[PDB]
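Enquirer:
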Amino acid sequence: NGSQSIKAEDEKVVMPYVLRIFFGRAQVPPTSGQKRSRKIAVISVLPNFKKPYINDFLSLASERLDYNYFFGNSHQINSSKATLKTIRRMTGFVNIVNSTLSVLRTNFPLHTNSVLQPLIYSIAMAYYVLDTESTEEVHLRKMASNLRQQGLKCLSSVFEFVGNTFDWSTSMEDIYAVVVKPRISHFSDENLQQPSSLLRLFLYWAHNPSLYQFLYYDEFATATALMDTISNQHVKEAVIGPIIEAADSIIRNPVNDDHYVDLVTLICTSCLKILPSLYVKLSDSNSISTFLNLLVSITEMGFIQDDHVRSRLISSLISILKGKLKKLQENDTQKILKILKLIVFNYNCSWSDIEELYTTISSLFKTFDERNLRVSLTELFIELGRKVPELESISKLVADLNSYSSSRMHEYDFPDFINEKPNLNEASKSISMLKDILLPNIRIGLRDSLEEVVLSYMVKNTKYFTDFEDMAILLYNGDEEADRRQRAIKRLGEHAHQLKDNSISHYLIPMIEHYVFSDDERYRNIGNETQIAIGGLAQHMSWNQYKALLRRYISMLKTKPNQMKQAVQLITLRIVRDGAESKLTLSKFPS
Amino acid sequence: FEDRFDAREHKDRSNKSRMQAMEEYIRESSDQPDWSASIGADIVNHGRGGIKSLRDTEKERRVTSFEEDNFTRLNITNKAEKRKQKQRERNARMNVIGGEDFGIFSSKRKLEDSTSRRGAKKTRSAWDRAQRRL
Amino acid sequence: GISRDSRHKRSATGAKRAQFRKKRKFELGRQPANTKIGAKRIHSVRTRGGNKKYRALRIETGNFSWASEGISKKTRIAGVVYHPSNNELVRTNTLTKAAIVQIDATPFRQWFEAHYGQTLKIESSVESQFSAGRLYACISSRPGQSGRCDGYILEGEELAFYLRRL
Amino acid sequence: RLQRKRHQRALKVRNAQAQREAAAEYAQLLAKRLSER
Amino acid sequence: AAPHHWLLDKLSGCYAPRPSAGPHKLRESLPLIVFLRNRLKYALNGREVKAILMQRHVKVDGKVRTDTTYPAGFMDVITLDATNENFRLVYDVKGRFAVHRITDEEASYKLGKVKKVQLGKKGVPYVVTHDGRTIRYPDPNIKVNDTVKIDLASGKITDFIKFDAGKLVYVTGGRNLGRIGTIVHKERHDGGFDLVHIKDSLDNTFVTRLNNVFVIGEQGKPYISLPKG
Amino acid sequence: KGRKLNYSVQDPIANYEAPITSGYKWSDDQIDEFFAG
Amino acid sequence: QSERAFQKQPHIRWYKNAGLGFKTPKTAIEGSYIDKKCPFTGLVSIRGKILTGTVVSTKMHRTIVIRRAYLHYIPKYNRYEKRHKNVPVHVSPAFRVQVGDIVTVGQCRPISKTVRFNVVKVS
RNA sequence: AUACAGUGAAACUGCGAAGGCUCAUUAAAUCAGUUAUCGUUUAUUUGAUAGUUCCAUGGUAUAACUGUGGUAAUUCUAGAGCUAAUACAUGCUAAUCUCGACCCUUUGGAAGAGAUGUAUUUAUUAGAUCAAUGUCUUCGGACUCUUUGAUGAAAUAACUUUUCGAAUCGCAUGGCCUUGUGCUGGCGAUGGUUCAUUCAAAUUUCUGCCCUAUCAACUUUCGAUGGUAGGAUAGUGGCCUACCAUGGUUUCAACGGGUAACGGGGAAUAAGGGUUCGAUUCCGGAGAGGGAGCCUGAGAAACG
């Protein structure tokens, strides 16, 4: 008969709204008691009478789900629903602790709340009943103790009711009457917030606009309290950033920066949070990261600091200038952030950024020589913008070489901090050399020569565009250096980049031989570069299977010579992974 | 191609090559005795049959061993007895003279073809025959 | 039907002199029950133990599926206009699998007006049938084997995929 | 008749308390294997 | 009318006992009548082996299973209550069923080759063996042709033997049926003659199939005891 | 067009029926003066 | 790529893998070809054995006629008369096989009256 | 033993028969092994395997049986009267599962929110990451490209004339005091849905002893060869039909020619001297007067 009544519900829509409201009115007239319970509360209730009431709430749920647009709603059905919900609350909170009929009437009450939320799920902007405050005060006096009750990952009876009441136009009258956002913000600022906290945050972010478009001054102060909740909930959207739904945070922070500027410490906290929005997770997308940096700039245009947020915005621009993502949109937002950071370093940054980012002109090569002849003492964002131009951004090749040489000149004129800046230059040149670049690899080689300012002739002859006598002199220089972990790793990386699967050129056997000779000359340095030799042999072993295995086989055979010389010298090690790699070679032998 | 379980090649045959002249020479040069009966006990029907041949007393010993071993008398199964007992006793009185069967001397069956002249150790190399001697 | 065996016919080599055998039980070809529109009558035939098979002949209540949301709802049958597994099958107006048949789409109107409010994002050449009532939909289920008429609606790409044909 | 109504209901609730608990009692062993894997 | 595996003397009868259906196949098993009556000879005829089956002395795989033609296949531990008879029967080197005598702590378990692992219904991992013990929930690293160890009091897998290069394997099938020694070679082809190869006294070589071979332990330590000569 | 329109002669229908001499009760002159127009 | 009616489509663009040492080309993973009976996306599953040989004719579409000459140790007239075999095979979106072209095939699920093999490799 | 109580003609029941003769001549297509079926049926064997409840027990209609009879007559019959079910078919049925605001510290979970199947046939998708023994140590960390591992490349929207949530029995009075069968309460066989195995069958990969070119062409003349879709199927399948393409086999032996094909092929046992006698499965498929159509079953075009 459940399947039969489900068929009756699936065919219970064929009659008009008059007959649907008449059948709903007959369903309401079972145990309404509007003479007894339309004033305040009910007169009496029973277990089987609540079972008629639980069945009435279930029939209301089935009727609303069947006719989930119109539902034939009536104030008699509303009064019967309020009488049933109040009788469920009264019986559950007035019965003794025996829990059988109490859990029956509690699962009657949760299902009745689900059927009540179904009415607003079906007929939301259709009725908007003007006597809402009766049921609103009834449900408030029932669920006053539901302060932090709806704070969970699945608690969505009163949380969904609050979201429905907040996502309307004029049904927020019961919200702005006394309180909805107070208890919602209490459970939102609860510290054990699960991932419905983002749902409540998006609901309040969408519901601040109705409280702002409302002409009532009470709703204006409630919108002020929603901005105050956005300022007092400065840990929830931080700690709940476990998914890629950071567009809600970027949509609230832009709304907050466009709406309310209430404290300089609040603007500094917003700028530091949007700095953590780019220094917290690397999976933030382009529009979200651009709007987050623009919201940090919008808080900084109002109430920024002069030293602390100055350095924070300078670090933000020093990351965003190395990024420059999304076809110069992030570069334009980074130039705006550097012009809003309000320092002397930021002033030189905005000058040397606007003088180069003038919409694809020769002003980039003009401004590189301009700041070279007029070298600025900030130099951090200058080295960022001149190392993005030294990377695979095609123009400013000689200007990139002059920028690296001028950074070396400043690092020699310092004579400590600018040597740690040269450490960052070397840690950038390492990832530049281990890459598929053509102009930026030559620029990193020029930076290696400027850091080297026999060895200088070797570097300039490795970057000589000749490659036959040049590679012969490189092999002879490796022989002279044989007769350095990261340094020889960088040299062998540049050599492997110049001979990296370029099988349209000859002497690849001597090129791999020079790679293995530099690897042997690094592996002779056992006290330092044994780890680097192990890493280079490991990367060559990964390349021995990664889609190409002709010259990598000879690289494996000639990197075995370091092991042969080490075993002849030993005449303790790690035999285990060596034997397992021997088993892997035996498996590659059965290919 | 592929393997196929062959009981006819891991079954104990040992009878294609069992020749009575070779077996008699082995019994002569055996240097361990032969379990012969007390002399009257092996004649059969008061002399109406033969004595009994060596294969017949071997088969009789096997039948009595199986007999005592699983407690069952053998039977008078008609088709097998009308073949084997009558044909066996008629060739017994044909060829068994005084407890000795002379049927083989009247039978064409080459000794060296099947039972001598080893097939696995054929030694078809001068080096293999040299290593087989030394 | 007759058979399922290669013995009555020639292979990829061209052989003759067949004269093979009395045909067995397990070459059982039943009669082709061309399912039509009528009053719902399904023959419950037996095979392979208690393997009842529903052979539908006059089925109506097609469960056809709204595609973009996957809403299989109940409707009637009108007629198949194009099915060149037999071009006389559409002349005789039967109902087999993978046929494109017409449906009075009034419960789909009810579901759209029930879970969207207003009446009429969806394509225009099926919005014309949203207005008129008869929409094209293709049968998925097998009434000759499973006895049922299920199907999927035509929505856009598959619609024009058949409308350019016929 | 009514004693059979006692025994039927008792064997039914005992069958439930055996089977529906033992099923989760080896599903938790699957959970231990999945945590250790 | 007999197979080769039963070690059945020819002077027995005319009709050979077809085993009934059961765990193993017909071609890889011996029933209880050919086990008890005419191999280790606890009976003399079918009447008295049915008499002791009605008396229920047999306890194969820890359950009684009173039947004459019950197909005891590979290493089903036949247990007899009187004189505490524990019999694990394996293959010899020339194709027959060598029935080794074992003790109680060894007959408290058996092992079984896994055939397939399934996501059958309702998220339940799943394992079958040659007696078809559908036991719940092994680890995810059960490949085909590994070896579970059955509990034989309940049904649970207690230990697990992984199939890889360097494991002690038993071959039941084809022209290698019943050999032990498991190491000269490994060769996995792509559809046939794919195996791990088995030594001899002079460490000779052999070819078989994957499904016709299954692991019993390690190189020197199988926890099965084996007969000798 | 293989099995389509085999213009052959078939065995059991070659004498399945037999004709009739007078046939139509009308005359052929009655046909001509029946549908001259 | 749609010359017939009745919703020419994959049957649940779609992509799978039979495994067992046979690659799937990138157009056969994500391409506009339907792969109704090509086993990489397909509806068929792989099993059985894998045979290798050159071809004779690829005249009709979805018909790859392999040749397969193989050695057999003849003891009768003690000389090897040379083998020849034929098998029709459905297409794959990886190689337009012309004359020559030693390729291999895997056994699966009889497609026409005489084809159980579908191409998985070209070399 | 005044509602049953042992013998038991004739009736329902469970099963029995669980595999027997003759006739016309098929060249790996009859047969034997083998590969596979996530391409499929399965009684029995074996291992596993069920959560939707509004204002003390459900209905006549038939036997056997009596009684009246017909007919030459049957395991042929018809009226009239009763009467039972594991026959027919309507219908009676406690509250336990996770996340846990709070914890009073161990006797730890009270509030709130989310739960709950099968059988049939339809669609979207769950089905790239983090942990170090190390890159730099700045003896702190952004760590995966290197050195090794891991989750990982049935959840839901509907039909169906939907099956069920034990009217089976045995062993054990046993525990409790809800003040009386108030709760019985412990276990095992038979049930009972589904999966897998086993059995058997059907297809299917390949292999296997006559001479054959005076058989050099066959195949489209039961689709020839393949593709697409449907029908039918236990399912794969030109197995059948619509449409389309003109294919496919062959001198590396297609296709065709016959018998000591009452003989042969291991089809199998071999025998301690018979060297093609010498153990057997099968010659081919049919047939129950003759073709045709239908039915039954886990299995059939049934020796019944």
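Residue numbers (the entry's author numbering), protein chains in the order written: chain RP, 908 to 1322, 1376 to 1413, 1420 to 1449, 1461 to 1548, 1558 to 1577; chain RB, 224 to 357; chain SJ, 2 to 121, 151 to 196; chain SH, 183 to 219; chain SF, 13 to 241; chain RY, 460 to 496; chain SM, 8 to 19, 33 to 143.
Backbone N, C-alpha and C fix where the C-beta goes; we use that ideal spot for every residue, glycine too.
How about residue 1560(RP) and residue 1506(RP): do their beta carbons lie closer than 7 Å?
Expert: No, Cβ-Cβ distance for residue 1560(RP) and residue 1506(RP) is not below 7 Å.
Enquirer: Is it buried or exposed for residue 1061(RP), if we count other Cβ within 10 angstroms and need 16 for buried?
Expert: Classification of residue 1061(RP): exposed, given that the 10 Å Cβ count is below 16.
Enquirer: Compare the C-alpha of residue 84(SM) against each of 70(SM), 13(SM), 97(SM), 139(SM) and name the closest.
Expert: Taking only the C-alpha atoms, the option nearest residue 84(SM) is 139(SM).
Enquirer: How many Å lie between residue 1199(RP) and residue 1383(RP) at the Cα?
Expert: Going by the C-alpha atoms only, they are around 30 Å apart.
Enquirer: Between which two residues does the beta strand (DSSP E) containing residue 124(SM) stretch?
Expert: From DSSP, the beta strand (DSSP E) with residue 124(SM) extends over 123–127.
Enquirer: Does the Cβ of residue 985(RP) have 16 or more other Cβ atoms within 10 Å, making it buried, or fewer, making it exposed?
Expert: Classification for residue 985(RP): buried.
Enquirer: Enumerate in chain order the residues of its own chain whose CB-to-CB distance from residue 49(SF) is below 6 Å, with the five nearest sequence positions on each side excluded.
Expert: Contacts found: 55, 61.
Enquirer: So which residues of chain RP does residue 106(SJ) contact, with C-beta pairs closer than 8 Å?
Expert: Those within 8 Å of residue 106(SJ) in chain RP number zero; the least Cβ separation is about 16 Å.
Enquirer: My understanding is that residue 98(SJ) touches residue 38(SJ), with C-beta atoms under 8 Å, so please give their C-beta distance in whole angstroms.
Expert: With 8 Å as the limit, residue 98(SJ) and residue 38(SJ) do not qualify as a contact, their Cβ atoms being about 15 Å apart.
Enquirer: Report the three-state DSSP secondary structure of residue 95(SF) (helix, strand or coil).
Expert: Residue 95(SF): helix per DSSP, three-state reduction.
Enquirer: Using the three-state DSSP reduction, which class does residue 1522(RP) fall into: helix, strand or coil?
Expert: DSSP places residue 1522(RP) in coil when its eight states are reduced to three.
Enquirer: Would residue 70(SM) count as contacting chain SF if we go by Cβ distances under 7 Å?
Expert: Chain SF contact via Cβ: present.
Enquirer: When the distance is taken between beta carbons, is residue 68(SM) closer than 7 Å to residue 127(SM)?
Expert: Yes, they are a contact pair.
Enquirer: By the 10 Å Cβ neighbour count, where 16 or more other Cβ atoms means buried, how is residue 1530(RP) classified, buried or exposed?
Expert: So residue 1530(RP) ends up on the exposed side.
Enquirer: Could you check the C-alpha separation between residue 51(SF) and residue 195(SH) for me, to the nearest Å?
Expert: So the alpha carbons of these two residues sit roughly 49 Å apart.
Enquirer: What is the rounded straight-line gap between the Cα of residue 11(SF) and the Cα of residue 27(SJ)?
Expert: Nothing in the structure corresponds to residue 11(SF), since chain SF is present only between 13 and 241.
Enquirer: Which residues in the same chain have their Cβ closer than 7 Å to the Cβ of residue 102(SJ), if we skip the five residues on either side of it in sequence?
Expert: Taken in chain order, the residues that qualify are 78, 79, 80, 81, 96, 167, 169.
Enquirer: Going along the chain, which residues of its own chain have a beta-carbon closer than 8 Å to the beta-carbon of residue 1270(RP), five neighbours each way excluded?
Expert: Correct list, in chain order: 1262, 1263.
Enquirer: Under 7 Å between the Cβ atoms of residue 87(SM) and residue 74(SM)?
Expert: For residue 87(SM) and residue 74(SM), yes; Cβs fall inside 7 Å.
Enquirer: Give the residues of chain RP in contact with residue 103(SJ), contact being defined as C-beta atoms less than 7 Å apart.
Expert: Those within 7 Å of residue 103(SJ) in chain RP number zero; the least Cβ separation is about 22 Å.
Enquirer: How big is the Cα-Cα spacing for residue 195(SF) and residue 174(SF)?
Expert: One C-alpha to the other measures close to 16 Å.
Enquirer: With 7 Å as the C-beta to C-beta threshold (strictly closer), list the residues of the stretch 260–290 of chain RB near chain SF in chain order.
Expert: Listed in sequence order: 289.
Enquirer: What is the DSSP secondary structure of residue 275(RB), reduced to helix, strand or coil?
Expert: Reduced to three states, the DSSP call for residue 275(RB) is coil.
Enquirer: In the DSSP assignment, find the unbroken beta strand (DSSP E) run with residue 185(SH) in it and report its ends.
Expert: Unbroken run through residue 185(SH) is the alpha helix (DSSP H), 184–218; no beta strand (DSSP E).
Enquirer: In chain SM, which residues lie less than 9 Å from residue 195(SJ) when you measure between Cβ atoms?
Expert: Going along chain SM in sequence order, the residues near residue 195(SJ) (Cβ under 9 Å) are 12.
Enquirer: Is there a Cβ of chain SF sitting closer than 7 Å to that of residue 202(SH), yes or no?
Expert: With 7 Å as the cut-off, residue 202(SH) does not count as an interface residue toward chain SF.
Enquirer: Indicate whether residue 1465(RP) and residue 1409(RP) have their beta-carbon atoms separated by less than 7 Å.
Expert: No, they are not a contact pair.
Enquirer: So the alpha helix (DSSP H) residue 1210(RP) belongs to, where does it begin and stop?
Expert: From DSSP, the alpha helix (DSSP H) with residue 1210(RP) extends over 1193–1210.
Enquirer: Give the straight-line distance between the Cα atoms of residue 224(SF) and residue 105(SF), rounded to the nearest whole angstrom.
Expert: Taking the straight line from one Cα to the other gives about 15 Å.
Enquirer: Exposed or buried, residue 1493(RP), counting other C-beta atoms within 10 Å across all chains shown (16 or more means buried)?
Expert: Residue 1493(RP) is buried by the Cβ-count criterion.
Enquirer: If you scan the stretch 1151–1190 of chain RP from start to end, which runs of the alpha helix (DSSP H) of 4 or more residues do you find wholly inside it?
Expert: Taking only runs of at least 4 residues, the alpha helix (DSSP H) segments lying wholly in the stretch 1151–1190 of chain RP are 1154–1166, 1171–1181.
Enquirer: Nearest to residue 1140(RP) by alpha carbon, out of 1240(RP), 1091(RP), 1315(RP)?
Expert: Ranking the options by Cα distance to residue 1140(RP), first place goes to 1091(RP).
Enquirer: Since residue 157(SJ) contacts residue 120(SJ) with CB under 8 Å, what's their CB separation in whole angstroms?
Expert: Residue 157(SJ) to residue 120(SJ), Cβ: 11 Å. No contact.
Enquirer: Note the first and the last residue of the continuous alpha helix (DSSP H) segment covering residue 16(SF).
Expert: Element bounds for residue 16(SF): n/a, residue is neither H nor E.
Enquirer: Given that residue 25(SF) touches chain SM, what residues does it touch there, using C-beta distances under 8 Å?
Expert: Chain SM residues near residue 25(SF): none, gap ~41 Å exceeds 8 Å.
Enquirer: Along chain SH, which residues have their Cβ under 8 Å away from the Cβ of residue 151(SF)?
Expert: The answer, in chain order, is 215, 219.
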